Amino acid sequence: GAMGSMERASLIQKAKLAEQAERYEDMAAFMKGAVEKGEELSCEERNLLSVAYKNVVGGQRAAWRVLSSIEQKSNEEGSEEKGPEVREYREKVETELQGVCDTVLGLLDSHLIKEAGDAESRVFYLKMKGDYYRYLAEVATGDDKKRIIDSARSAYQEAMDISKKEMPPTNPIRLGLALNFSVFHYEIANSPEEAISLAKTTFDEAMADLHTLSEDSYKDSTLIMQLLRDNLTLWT
Amino acid sequence: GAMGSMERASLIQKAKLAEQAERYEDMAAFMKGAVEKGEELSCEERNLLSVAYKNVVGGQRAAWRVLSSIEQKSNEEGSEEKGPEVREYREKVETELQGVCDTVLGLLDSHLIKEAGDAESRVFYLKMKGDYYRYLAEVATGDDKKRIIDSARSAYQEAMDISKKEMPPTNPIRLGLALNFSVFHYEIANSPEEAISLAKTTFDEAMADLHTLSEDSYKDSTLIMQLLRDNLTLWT
Amino acid sequence: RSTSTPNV
Amino acid sequence: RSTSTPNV
Ligand SMILES: *SCCNC(=O)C1CCN(C(=O)C(C)(C)Oc2ccc(Cl)cc2)CC1
Ligand SMILES: *SCCNC(=O)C1CCN(C(=O)C(C)(C)Oc2ccc(Cl)cc2)CC1
Ligand SMILES: [Cl-]
Ligand SMILES: [Cl-]
Ligand SMILES: [Mg+2]
Ligand SMILES: [Mg+2]
Ligand SMILES: [Mg+2]
Ligand SMILES: [Mg+2]
Ligand SMILES: [Mg+2]
Ligand SMILES: [Mg+2]
């Protein structure tokens, strides 16, 4: 739509400017426009797409959590009926969040994943698919929640299978995937023991491969390993 | 427009929820809707209107400053021609900022100021008018800049005249007005000596009236006095 | 940059 | 809440 008249390179340039200006909604719109040009994305471009939408959905998730907590407190025993406004506004934010998730999933399905043949690209996109289904799961209820959870699980599992066959255990995309899948198990799937096992095995297999890395690669891998350890400390 | 079907009280309630959720664009839309109901605003409601638009325009101002600095560096001696993208994107943000300022000024002109008869309300709105003209001045150039600067000055001056006749020197609206008018003099009007004089006189006349205040009133007045002192330290 | 009045 | 992968 609105970015169809702008050059791909200009969209990428403006995404980078939007990032510097902390204008993440603009950044996401620019990167959506770039994806819709139909060409595969470079590593740097995949990162720009991810940063943009992560910041947009992250603000929405934070807002939804605030409103859901107010709503839950409004619905307790001996709370004053305050009318429909809290629910309405929580629903408004929820619907916007779902729309962002649907937009990202649509870009991945049309046609980023199917055109991604290298492991680094395909795993990145499958991880993203699991992440955006996970964000949908955070706000879902009931049987709808069940199917969304299964979709997140399936995307993460495909990404796991590829990453284990095609990437070293210290690869940051592989590590971040495993981190996020462990969060899925703990926070979404009610499988804390699976979460703990995955985080431990991931950490230990990365530790054993650190000796192969340059200083810069070591910094990235150890940063994610620290997040695995942080979660293990929270979970045990 | 879009808020016409929602009750005034529900708009105010949702503005407060949006504030808690740090959803300031939503907050501003709710408060615009409340203003357009046509009734005067209470003190609390005036504060909600101000908080909402201050946070929206504040993010835009911060973004515009980042982009203007990149643009200025792009236009230096021995810089690579990078094309029209930085200017285009700075213009996009600028136009959105101007639109927000025009929206606020429109609410003040239709009809918040004319219906405000009490000094506390009228001064609040005239200060806001000066502020939003000042934000327009920050991005303006040339002769357009001259007329916008004059409009800011005129609004602030009317607010000053009323506040000096009708409010004590410690009143926080009077103090914040004087603070902002001093910023106008220093940062916009190229009148640093006027800025310094106004800040000093305001500080000293407030100091002399602090003995009349309760603990809570004292806290608010002294907070703004500290900002006057901070600016005086920066300016001298 | 000079400091103006902060929000609530 | 558990920590997921941070942005760049
Ligand atoms: S009665 C009008 C609505 N209330 C206010 O504007 C007050 C809100 C909270 N507050 C402040 O945060 C400080 C102390 C910074 O002072 C001012 C804020 C905003 C303005 Cl317009 C003026 C002073 C007190 C004022
Ligand atoms: S090659 C694909 C694009 N690059 C990246 O995603 C990398 C960007 C920066 N970065 C990180 O911030 C940390 C170390 C947190 O790790 C990850 C970030 C994002 C993902 Cl998807 C995975 C790991 C390294 C990765
Ligand atoms: Cl709503
Ligand atoms: Cl643009
Ligand atoms: Mg082209
Ligand atoms: Mg009761
Ligand atoms: Mg819903
Ligand atoms: Mg009514
Ligand atoms: Mg050169
Ligand atoms: Mg312009």
Side-chain angles (χ1 to χ4, degrees), chain A residues 1-37 48 52 57 60-61 63-103 105 132-149, chain B residues 13-14 17 21 23 26 59-60 63-71 74 82-100 139:
Chain A
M3 308 294 173
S5 59
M6 203 191 303
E7 290 278 15
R8 191 187 188 279
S10 296
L11 290 161
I12 296 300
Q13 188 182 353
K14 291 180 182 177
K16 293 171 189 176
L17 295 168
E19 184 181 28
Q20 297 181 263
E22 298 176 83
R23 292 271 296 190
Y24 298 105
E25 286 190 35
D26 290 348
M27 197 190 174
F30 292 139
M31 293 306 307
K32 178 173 185 292
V35 168
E36 288 172 351
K37 299 300 179 183
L48 295 168
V57 82
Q60 293 171 322
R61 291 166 70 204
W64 185 93
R65 289 167 188 175
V66 164
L67 296 172
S68 181
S69 175
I70 295 166
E71 187 182 14
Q72 280 180 237
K73 288 181 206 284
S74 80
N75 289 329
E76 279 174 9
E77 312 270 352
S79 319
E80 275 293 322
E81 174 56 23
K82 53 170 71 181
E85 292 86 354
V86 178
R87 174 188 53 77
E88 288 167 354
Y89 187 49
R90 186 270 299 154
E91 291 169 343
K92 180 195 173 167
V93 173
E94 186 174 297
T95 296
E96 293 186 14
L97 185 159
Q98 289 168 328
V100 165
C101 293
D102 288 345
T103 291
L105 294 166
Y132 285 80
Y133 277 115
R134 171 162 60 87
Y135 308 147
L136 288 173
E138 287 176 339
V139 307
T141 61
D143 290 337
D144 191 38
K145 198 174 118 213
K146 291 182 182 67
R147 263 177 263 271
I148 293 166
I149 288 175
Chain B
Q13 188 182 353
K14 291 180 182 177
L17 295 168
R23 292 271 296 190
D26 290 348
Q60 293 171 322
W64 185 93
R65 289 167 188 175
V66 164
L67 296 172
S68 181
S69 175
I70 295 166
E71 187 182 14
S74 80
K82 53 170 71 181
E85 292 86 354
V86 178
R87 174 188 53 77
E88 288 167 354
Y89 187 49
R90 186 270 299 154
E91 291 169 343
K92 180 195 173 167
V93 173
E94 186 174 297
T95 296
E96 293 186 14
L97 185 159
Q98 289 168 328
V100 165
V139 307

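Residue numbers start from 1 in every chain, and the chains themselves are labelled A, B, ... in the order their sequence lines are given, proteins ahead of strands. In listed order, ligands and their atoms are each counted from 1.
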Sequence neighbours excluded - salt bridge (charged side-chain N to carboxylate O under 4.0 Å, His left out) pairs with any residue from residues 88-100 of chain B
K14(A)-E88(B), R23(A)-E96(B), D26(A)-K92(B), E71(B)-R90(B), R87(B)-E91(B), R90(B)-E94(B)
Considering only distance and modelled atom types, tabulate donor-acceptor pairs under 3.5 Å from the side chains of residues 132-140 of chain A, sequence neighbours left out.
| unit_1 | atom_1 | unit_2 | atom_2 | d |
| --- | --- | --- | --- | --- |
| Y132(A) | OH | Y53(A) | O | 3.4 |
| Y132(A) | OH | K54(A) | N | 3.3 |
| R134(A) | NE | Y156(A) | OH | 2.9 |
| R134(A) | NH2 | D131(A) | OD1 | 3.1 |
| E138(A) | OE1 | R61(A) | NE | 2.9 |
| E138(A) | OE2 | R61(A) | NH2 | 2.9 |
| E138(A) | OE2 | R65(A) | NH2 | 3.4 |

With rounding to the nearest 0.5 angstrom, report the OH to CD distance, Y89(B) to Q13(A).
12.0 Å
Nearest heavy-atom contact between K37(A) and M6(A) is NZ-O, 2.8 Å
Nearest heavy-atom pair of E19(A) and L48(A): which atoms, and what distance?
OE1-CD2, 3.8 Å
In terms of heavy-atom contacts, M3(A) and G33(A) come closest through CB-CA, 3.8 Å
Taking all heavy atoms of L11(A) and all of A34(A), pick out the closest pair and write down the distance.
CD1-N, 3.7 Å
The protein N, O or S atoms lying under 2.8 Å from the Mg ion (ligand 6) are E80(A) OE2
Any donor-acceptor pair under 3.5 Å from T103(A) side chain to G99(A) backbone:
yes
Quick check: closest heavy atoms across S74(A) and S79(A), and the distance to 0.1 Å?
O-CB, 3.3 Å
Take the Mg ion (ligand 7) and tell me which protein N, O or S atoms are nearer than 2.8 Å.
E94(A) OE2
